[PDB]
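Colleague: I'd like to ask you about the structure that follows.
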Amino acid sequence: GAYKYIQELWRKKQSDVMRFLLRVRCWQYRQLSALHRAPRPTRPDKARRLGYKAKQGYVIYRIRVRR
Amino acid sequence: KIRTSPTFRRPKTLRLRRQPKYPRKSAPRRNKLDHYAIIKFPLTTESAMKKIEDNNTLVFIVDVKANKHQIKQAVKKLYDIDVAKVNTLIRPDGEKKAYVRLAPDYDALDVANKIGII
Amino acid sequence: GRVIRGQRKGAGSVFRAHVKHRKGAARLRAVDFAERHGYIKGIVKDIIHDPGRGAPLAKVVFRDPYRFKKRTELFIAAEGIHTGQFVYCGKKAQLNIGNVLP
Amino acid sequence: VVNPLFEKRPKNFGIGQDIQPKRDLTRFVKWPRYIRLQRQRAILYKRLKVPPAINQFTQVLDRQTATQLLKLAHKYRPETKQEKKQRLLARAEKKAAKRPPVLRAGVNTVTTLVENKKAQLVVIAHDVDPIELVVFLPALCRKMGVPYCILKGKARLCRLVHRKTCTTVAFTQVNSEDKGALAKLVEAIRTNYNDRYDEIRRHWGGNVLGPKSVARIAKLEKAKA
RNA sequence: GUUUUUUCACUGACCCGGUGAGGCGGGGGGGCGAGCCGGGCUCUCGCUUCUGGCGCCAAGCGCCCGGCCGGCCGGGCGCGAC
């Protein structure tokens, strides 16, 4: 099943693959506004767990909090 | 085809007009400032009855919202008469007083018998 | 426990500059192709007094190298500038007074 | 015959002498924040040392082979929404009065039949935006002996199915007549991905500077020789 | 090789300055200088400085393309403006 392969792939955030993807997206997300609508979940897999079904009426925003 | 200006201005996108699937309110709210509801009562004051006999006018008490145009039809529609001009002042009481100067083809003191003031 | 005068000066409202009759921001002309690779000619219109500046300014009206309009820049007036003097600005412009170059 | 008034009136676009013409400024436009953003994302992919699990979606099936796989994949359209209705009229003919092979779309219903070895071929799309959906799949097919191929476009792979986009497409069992073309597609795929995956694992993307920064190194090479 | 690590420039986040983000970087066509008996090259400039005018909405040279009776009544597209 596809989701379990993305599941453990998101647990190796220290990896060469995910030290690139979390670094070039963290670039990308700073250039967009502080609080805007994401067209989809960045993680389909993680949103599966938290109850997001990909039907009409479910909304996902991508907001930043100053650290 | 090349960008002639160095500023990307937003392109003029098509917009559609309001086609309502239901009207918001069921009917249009009726004209509550009628020609009866705009002129309350004519003043029968000695100063007013002087103004009617001396200056070819009538003195009405008018609803505070009224224009000089609305009165110019209000006195025309209800008394079959014409108006030279209207001079509206709001009294210290808080009500409007229209000095409806009648055109000289009609008589002011004679039409005061029609409205029933003496 | 009262704030000192310098701390109050930093805030604003009262210790701000009186920029009403100030005849504008004394700055150069913006760099473009007619500054970097060659020169451009613009005439000195009138030397003028800026209230809140010891030195006078100069309305130097250049022709716009791109648009039909005619641009006007508030320069710091060099000593020996006069009205109707041609002030040239850019790389290939000469080395004399007012004549700005890199 | 000729008109002597018709005069050549030329312009001298030398600096200051005459006004400039309406020439190309496309590459000096202040673009919207989203157009600037997506462009210098594509640039960071070309500068930053891209790890080879992401770079393997640049090694794509070429122009000549892509259309050949789509040709046979166009035989196996999963039925249209209105073709669905046309099966349940062939139903109450027998009641009142086996299935043909298709493609299997998505990452779930492909990767559940890569370990199972019920896929004779996998068709990966290269431009899945949250890449992690697919990153594992080129590696997965190498272990289970399923020939994986990567295509240029998730939309054009989503054309074969009746949707907007589709990430992956697999062949389970095919028509006994049309095994020939399906088997010849495998050899050009298997010997271009699966037989050399350990070469794909040592294949780094980006680390290429700007073309005026690359062209300044050439100046610092042509000065000492 | 692997890491600790001083030292040069690298850009790619990140910061700054200007702009109405208007010609940036390579390369070529085109002019000044250098070397071989029309020849193929190493590098330089690339158009406005004698005066309180004028300059925008292209002339020019190409090429297809609308009628009526190969001759008569126009629009569009390229260099010009690599």
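Residues are referred to by chain and number: the chain letter is A, B, ... according to the order shown in the structure tokens, the number counts from 1 in that chain, and ligands are numbered separately from 1 in the order shown.
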Report as a Markdown table the residues of chain E within 10 Å of chain B, each with its shortest atom pair and distance in Å (one decimal), using only C-alpha atoms (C1' of nucleotides), ordered by chain and increasing residue number.
Modeller:
```
| residue | atom | partner | partner_atom | distance |
| --- | --- | --- | --- | --- |
| E:19 | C1' | B:6 | CA | 9.9 |
| E:20 | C1' | B:7 | CA | 7.0 |
| E:21 | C1' | B:6 | CA | 6.8 |
| E:22 | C1' | B:6 | CA | 7.0 |
```
Colleague: Can you spit out the residues from that selection as a PDB file, in the first residue's frame, using C-alpha atoms (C1' of nucleotides)?
Modeller:
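Just written: part-v8.pdb:
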```pdb
ATOM      1  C1'   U E  19      13.823  51.141 -11.082  1.00  0.00           C
ATOM      2  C1'   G E  20       7.592  52.879 -14.130  1.00  0.00           C
ATOM      3  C1'   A E  21      12.052  45.879 -12.320  1.00  0.00           C
ATOM      4  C1'   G E  22      14.041  49.994 -20.218  1.00  0.00           C
TER       5        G E  22
END
```
Colleague: Fewer than 4 positions away in the same chain doesn't count, so skip those; otherwise give me all residues within 12 Å of residue 8 of chain D, counting only C-alpha atoms (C1' of nucleotides), as an NGL selection string.
Modeller: (:D and (4)) or (:E and (58-61 or 80))
Colleague: Take the residues just selected and output them with N, CA, C and O atoms (P, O5', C5', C4', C3', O3' and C1' of nucleotides) as a PDB file, in the first residue's frame.
Modeller:
```pdb
ATOM      1  N   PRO D   4       8.797  62.084 -55.905  1.00  0.00           N
ATOM      2  CA  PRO D   4      10.044  62.536 -55.281  1.00  0.00           C
ATOM      3  C   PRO D   4       9.890  63.032 -53.831  1.00  0.00           C
ATOM      4  O   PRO D   4      10.905  63.197 -53.177  1.00  0.00           O
TER       5      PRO D   4
ATOM      6  P     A E  58       3.415  55.637 -35.993  1.00  0.00           P
ATOM      7  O5'   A E  58       4.966  55.271 -36.077  1.00  0.00           O
ATOM      8  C5'   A E  58       6.008  56.270 -35.988  1.00  0.00           C
ATOM      9  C4'   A E  58       6.666  56.522 -37.332  1.00  0.00           C
ATOM     10  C3'   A E  58       6.173  55.691 -38.521  1.00  0.00           C
ATOM     11  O3'   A E  58       6.264  56.463 -39.716  1.00  0.00           O
ATOM     12  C1'   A E  58       8.467  55.333 -38.253  1.00  0.00           C
ATOM     13  P     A E  59       4.947  56.879 -40.528  1.00  0.00           P
ATOM     14  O5'   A E  59       5.522  57.258 -41.965  1.00  0.00           O
ATOM     15  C5'   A E  59       6.396  56.359 -42.681  1.00  0.00           C
ATOM     16  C4'   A E  59       7.626  57.095 -43.153  1.00  0.00           C
ATOM     17  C3'   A E  59       8.309  56.526 -44.394  1.00  0.00           C
ATOM     18  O3'   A E  59       7.726  56.957 -45.622  1.00  0.00           O
ATOM     19  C1'   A E  59       9.922  56.836 -42.713  1.00  0.00           C
ATOM     20  P     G E  60       7.513  55.913 -46.825  1.00  0.00           P
ATOM     21  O5'   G E  60       8.948  55.241 -46.989  1.00  0.00           O
ATOM     22  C5'   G E  60       9.998  55.902 -47.715  1.00  0.00           C
ATOM     23  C4'   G E  60      11.306  55.155 -47.581  1.00  0.00           C
ATOM     24  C3'   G E  60      11.365  53.777 -48.218  1.00  0.00           C
ATOM     25  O3'   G E  60      11.560  53.888 -49.625  1.00  0.00           O
ATOM     26  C1'   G E  60      12.266  53.655 -46.047  1.00  0.00           C
ATOM     27  P     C E  61      10.640  53.060 -50.650  1.00  0.00           P
ATOM     28  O5'   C E  61      11.312  51.616 -50.651  1.00  0.00           O
ATOM     29  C5'   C E  61      12.722  51.450 -50.899  1.00  0.00           C
ATOM     30  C4'   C E  61      13.219  50.130 -50.354  1.00  0.00           C
ATOM     31  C3'   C E  61      12.395  48.896 -50.687  1.00  0.00           C
ATOM     32  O3'   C E  61      12.580  48.444 -52.024  1.00  0.00           O
ATOM     33  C1'   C E  61      12.948  48.845 -48.405  1.00  0.00           C
ATOM     34  P     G E  80      17.898  44.865 -39.103  1.00  0.00           P
ATOM     35  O5'   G E  80      17.155  46.222 -39.484  1.00  0.00           O
ATOM     36  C5'   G E  80      17.266  47.402 -38.667  1.00  0.00           C
ATOM     37  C4'   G E  80      16.608  48.574 -39.353  1.00  0.00           C
ATOM     38  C3'   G E  80      16.173  49.720 -38.452  1.00  0.00           C
ATOM     39  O3'   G E  80      17.221  50.635 -38.137  1.00  0.00           O
ATOM     40  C1'   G E  80      14.386  49.138 -39.869  1.00  0.00           C
TER      41        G E  80
END
```
Colleague: Could you state the separation of atom CA of residue 48 of chain D and atom CA of residue 31 of chain A in Å, given to one decimal place?
Modeller: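 Computing the Euclidean distance for atom CA of residue 48 of chain D and atom CA of residue 31 of chain A yields 17.9 Å.
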Colleague: Only residues of chain E matter here; which ones have an atom within 12 Å of chain C, counting only C-alpha atoms (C1' of nucleotides)? Give them as number ranges by chain.
Modeller: E: 17-24, 45-52, 54-57
Colleague: Could you tell me which residues of chain E sit within 12 Å of chain A when counting only C-alpha atoms (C1' of nucleotides), and give me the result as a list in words?
Modeller: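 Here they are: residues 12, 13 and 14 of chain E.
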Colleague: Going by DSSP on the backbone, which bits of chain B are alpha helix (DSSP H)? Write them as a ChimeraX atom specification, please.
Modeller: /B:35-38,46-54,68-79,108-115
Colleague: Restricting it to N, CA, C and O atoms, dump the selection as a compact mmCIF listing (two decimals), in the first residue's frame.
Modeller:
```
# COMPACT_ATOMS: atom_id res chain seq x y z
N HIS B 35 -48.00 61.67 -2.03
CA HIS B 35 -48.34 63.11 -2.21
C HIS B 35 -49.25 63.58 -1.06
O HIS B 35 -49.24 64.79 -0.77
N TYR B 36 -49.98 62.65 -0.43
CA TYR B 36 -50.79 62.89 0.80
C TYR B 36 -49.88 62.87 2.04
O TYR B 36 -50.09 63.70 2.94
N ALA B 37 -48.91 61.94 2.07
CA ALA B 37 -47.99 61.70 3.21
C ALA B 37 -46.82 62.69 3.21
O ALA B 37 -46.07 62.69 4.21
N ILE B 38 -46.65 63.49 2.14
CA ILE B 38 -45.53 64.48 2.00
C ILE B 38 -45.97 65.86 2.51
O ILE B 38 -45.14 66.52 3.16
N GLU B 46 -51.81 84.07 10.74
CA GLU B 46 -52.08 85.44 10.22
C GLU B 46 -50.93 85.87 9.31
O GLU B 46 -51.20 86.50 8.27
N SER B 47 -49.68 85.55 9.69
CA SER B 47 -48.45 85.72 8.88
C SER B 47 -48.52 84.86 7.61
O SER B 47 -48.05 85.33 6.56
N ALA B 48 -49.05 83.63 7.71
CA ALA B 48 -49.24 82.69 6.57
C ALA B 48 -50.37 83.19 5.66
O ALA B 48 -50.15 83.25 4.44
N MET B 49 -51.53 83.53 6.24
CA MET B 49 -52.72 84.05 5.50
C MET B 49 -52.40 85.41 4.87
O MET B 49 -53.05 85.74 3.85
N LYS B 50 -51.45 86.17 5.43
CA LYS B 50 -50.89 87.40 4.80
C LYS B 50 -50.09 86.99 3.55
O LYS B 50 -50.35 87.57 2.48
N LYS B 51 -49.18 86.03 3.70
CA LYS B 51 -48.27 85.51 2.63
C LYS B 51 -49.10 84.98 1.45
O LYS B 51 -48.61 85.07 0.31
N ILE B 52 -50.30 84.44 1.71
CA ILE B 52 -51.22 83.86 0.69
C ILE B 52 -51.91 84.99 -0.09
O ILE B 52 -52.08 84.83 -1.32
N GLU B 53 -52.28 86.09 0.58
CA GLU B 53 -53.06 87.22 0.01
C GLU B 53 -52.13 88.31 -0.55
O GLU B 53 -52.56 89.01 -1.49
N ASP B 54 -50.91 88.44 0.00
CA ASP B 54 -49.95 89.52 -0.33
C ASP B 54 -48.97 89.08 -1.43
O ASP B 54 -48.60 89.95 -2.24
N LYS B 68 -37.60 70.14 -3.00
CA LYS B 68 -38.44 71.23 -3.58
C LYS B 68 -39.16 70.70 -4.82
O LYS B 68 -40.22 71.26 -5.16
N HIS B 69 -38.61 69.67 -5.48
CA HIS B 69 -39.19 69.00 -6.68
C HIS B 69 -40.42 68.16 -6.30
O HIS B 69 -41.44 68.27 -7.00
N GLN B 70 -40.31 67.35 -5.24
CA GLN B 70 -41.39 66.45 -4.75
C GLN B 70 -42.62 67.28 -4.34
O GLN B 70 -43.75 66.85 -4.67
N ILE B 71 -42.41 68.42 -3.67
CA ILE B 71 -43.48 69.37 -3.24
C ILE B 71 -44.12 69.98 -4.49
O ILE B 71 -45.36 70.12 -4.51
N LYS B 72 -43.31 70.30 -5.50
CA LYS B 72 -43.72 70.98 -6.76
C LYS B 72 -44.68 70.08 -7.56
O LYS B 72 -45.45 70.63 -8.37
N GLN B 73 -44.64 68.76 -7.34
CA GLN B 73 -45.64 67.78 -7.85
C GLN B 73 -46.75 67.57 -6.81
O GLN B 73 -47.91 67.44 -7.23
N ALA B 74 -46.40 67.51 -5.52
CA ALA B 74 -47.33 67.26 -4.39
C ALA B 74 -48.46 68.30 -4.37
O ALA B 74 -49.63 67.89 -4.23
N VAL B 75 -48.12 69.58 -4.52
CA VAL B 75 -49.10 70.71 -4.55
C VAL B 75 -49.81 70.70 -5.91
O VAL B 75 -51.00 71.06 -5.95
N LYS B 76 -49.12 70.29 -6.98
CA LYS B 76 -49.68 70.21 -8.36
C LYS B 76 -50.70 69.06 -8.45
O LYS B 76 -51.77 69.28 -9.05
N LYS B 77 -50.37 67.89 -7.89
CA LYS B 77 -51.17 66.64 -8.03
C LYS B 77 -52.46 66.73 -7.20
O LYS B 77 -53.50 66.29 -7.71
N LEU B 78 -52.39 67.29 -5.98
CA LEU B 78 -53.51 67.27 -4.99
C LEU B 78 -54.42 68.50 -5.13
O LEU B 78 -55.56 68.40 -4.63
N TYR B 79 -53.97 69.59 -5.76
CA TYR B 79 -54.73 70.88 -5.85
C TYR B 79 -54.91 71.37 -7.30
O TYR B 79 -55.39 72.51 -7.45
N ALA B 108 -54.28 82.57 -5.59
CA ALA B 108 -53.84 81.95 -4.31
C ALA B 108 -54.95 82.05 -3.25
O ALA B 108 -55.18 81.05 -2.54
N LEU B 109 -55.60 83.21 -3.14
CA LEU B 109 -56.66 83.48 -2.13
C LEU B 109 -57.94 82.71 -2.49
O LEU B 109 -58.70 82.37 -1.57
N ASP B 110 -58.16 82.43 -3.79
CA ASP B 110 -59.34 81.69 -4.30
C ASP B 110 -59.16 80.18 -4.08
O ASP B 110 -60.15 79.53 -3.73
N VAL B 111 -57.94 79.66 -4.29
CA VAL B 111 -57.62 78.21 -4.09
C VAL B 111 -57.50 77.91 -2.59
O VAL B 111 -57.57 76.72 -2.23
N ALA B 112 -57.34 78.93 -1.73
CA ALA B 112 -57.40 78.80 -0.26
C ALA B 112 -58.82 78.41 0.19
O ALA B 112 -58.93 77.80 1.28
N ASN B 113 -59.84 78.73 -0.60
CA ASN B 113 -61.25 78.29 -0.39
C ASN B 113 -61.38 76.80 -0.73
O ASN B 113 -62.16 76.11 -0.04
N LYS B 114 -60.66 76.32 -1.76
CA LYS B 114 -60.67 74.89 -2.20
C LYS B 114 -60.06 74.00 -1.11
O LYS B 114 -60.70 72.98 -0.77
N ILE B 115 -58.89 74.37 -0.57
CA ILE B 115 -58.17 73.58 0.48
C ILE B 115 -58.92 73.73 1.81
O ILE B 115 -58.85 72.80 2.63
```
Colleague: Near chain D, which residues of chain A fall within 8 Å when you count only C-alpha atoms, and what do they look like as number ranges by chain?
Modeller: A: 1-3, 5-6, 9, 16-17, 20, 24, 28, 31-32, 42-43
Colleague: Which neighbours of residue 62 of chain E fall inside 12 Å, counting only C-alpha atoms (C1' of nucleotides), when residues of the same chain fewer than 6 positions from it are skipped, and could you give them as JSON, numbers by chain?
Modeller: {"E": [77, 78, 79, 80]}
Colleague: Write out as a ChimeraX atom specification all residues of chain A that DSSP puts in strand (DSSP E or B) for this structure's backbone.
Modeller: /A:35-38,60-63
Colleague: I'd like the interatomic distance between atom CA of residue 48 of chain C and atom CA of residue 99 of chain C, to a tenth of an Å.
Modeller: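 The value is 18.5 Å.
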Colleague: So how far away is atom CA of residue 50 of chain C from atom CA of residue 14 of chain C, in Å?
Modeller: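 Pair atom CA of residue 14 of chain C / atom CA of residue 50 of chain C returns 21.1 Å.
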Colleague: Of the candidates C:34, C:47, C:78, C:87, which shows the shortest atom-to-atom distance to chain D, using only C-alpha atoms?
Modeller: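 Result for the nearest residue to chain D: C:34.
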